[PDB]
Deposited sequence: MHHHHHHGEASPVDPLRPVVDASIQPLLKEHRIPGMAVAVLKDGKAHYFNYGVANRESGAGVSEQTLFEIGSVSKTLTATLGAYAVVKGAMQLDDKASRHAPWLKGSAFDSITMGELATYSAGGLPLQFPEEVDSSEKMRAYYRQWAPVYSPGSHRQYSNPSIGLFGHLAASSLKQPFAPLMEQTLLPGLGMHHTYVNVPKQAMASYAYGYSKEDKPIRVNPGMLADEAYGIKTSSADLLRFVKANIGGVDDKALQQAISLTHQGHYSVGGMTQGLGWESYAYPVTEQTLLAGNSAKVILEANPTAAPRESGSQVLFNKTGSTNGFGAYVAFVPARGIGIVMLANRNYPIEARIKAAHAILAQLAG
């Protein structure tokens, strides 16, 4: 593009410098990046959302955000607490009569939400593919560790939290999210189920073999990893986590998601969000989002006392997302890609960029 005026945004060089090497090293088809600094949103877009249409990524493009969905599910659960429909210390079986008589008689909602129920696995067994089979699974599940003693990152765990929280509010999860929570957060281009008039904005994800894919139906997918959103809407969620929102209950719920429950190394587990003392070393950020913390059971330690960085990774077969923000400095970044590229690469880039914004 020799001879064209280069974009005027003073932040473009900093973002490009971190993001462009990323796109070529890991062959990422497209990425939407959004940055907050000094009360203003900046969007930087790269590549293609859909190789069939050849359409470019924009801040309106919908990506699967995988486990970043857990921050929204956590916020819904916090909302149920604010509204008085449940408490984090409730036994899970209080919100599900079909759980009475199982181990979930003695496991709290809080423990489900923070993956510390006692060894619930990362994914459901592949056999569990219906509501009836799901219920049977939980009723037979044998705890591996005592409640609260270990963190084992788990979709069945946070998934069950979201499900029972919606049930305490007497509405199914997806309509509760789409009709109550998301609008109150000002996320009007965010969906559990992408409707027809929004399907055109929905990117394709691309596998390692560069085949187009989107997330597969699974049990509690909505609760655990099912949100589609744009970079602009996710940046709005970041702003909601910094400056707040007009709905008073939703305001409280947001604050509740920031409260620490326990730590693993330098990472403190909140509801959905994971947090760090800021400024934070790259090695600490890397460690808290490492395979060790993600895949294996880790003992819970005392939470960090209440400047803080909040983050959450999210991945599906075809997508890779990351969000991090620092309320005390009014900075944040959202990175949404349609390839599942390594978590370490996301953190290194985000960390580099945030440091410049600060």
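Gaps without C-alpha coordinates occur at 1-5, 312-313, 366, with positions taken along the deposited sequence from 1.
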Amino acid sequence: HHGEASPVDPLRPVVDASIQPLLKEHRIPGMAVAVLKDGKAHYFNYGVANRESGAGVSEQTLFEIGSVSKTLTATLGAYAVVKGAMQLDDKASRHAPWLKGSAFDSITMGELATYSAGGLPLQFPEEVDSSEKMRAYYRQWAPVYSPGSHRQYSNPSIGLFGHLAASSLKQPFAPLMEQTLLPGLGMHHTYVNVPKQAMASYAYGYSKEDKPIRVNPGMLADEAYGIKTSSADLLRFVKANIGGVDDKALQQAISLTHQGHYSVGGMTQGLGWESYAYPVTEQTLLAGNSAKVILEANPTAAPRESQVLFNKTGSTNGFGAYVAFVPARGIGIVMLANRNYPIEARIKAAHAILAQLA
From here on, numbers count along this sequence of modelled residues.
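Here, rigid core means the biggest group of C-alpha atoms that superpose within 1.5 Å across both forms.
In summary, of the stretches 243-251 and 70-78, 243-251 shows the greater Cα distance from the shown form in 4 other deposited structures of this protein, with structures fitted on the rigid core. In at least one third of the other compared structures of this protein with flanking residues present, residue 306 is left unmodelled. Look at the C-alpha B-factors of 336-344 and of 14-22. On average they run higher in 14-22. Taking the PDB entry as given, 97-105 carries the higher mean Cα B factor of the two stretches 97-105 and 281-289. In the PDB entry, the Cα temperature factor peaks, among 200, 78, 134, 232, at 200. Each of 144, 238, 160, 166 has a CA temperature factor in the record; the biggest one is found at 144.
Sort the chain's modelled residues by C-alpha temperature factor and residue 243 lands in the highest third, per the entry.
Residue 38: CA B factor in the highest third of modelled residues in this chain (values from the PDB entry). Placement of the Cα temperature factor of residue 193 within the chain: middle third of the modelled residues, per the deposited record.
Sort the modelled residues of the chain by CA B factor and residue 301 lands in the middle third. Compared with the other modelled residues of the chain, the Cα B-factor recorded for residue 64 ranks in the lowest third.
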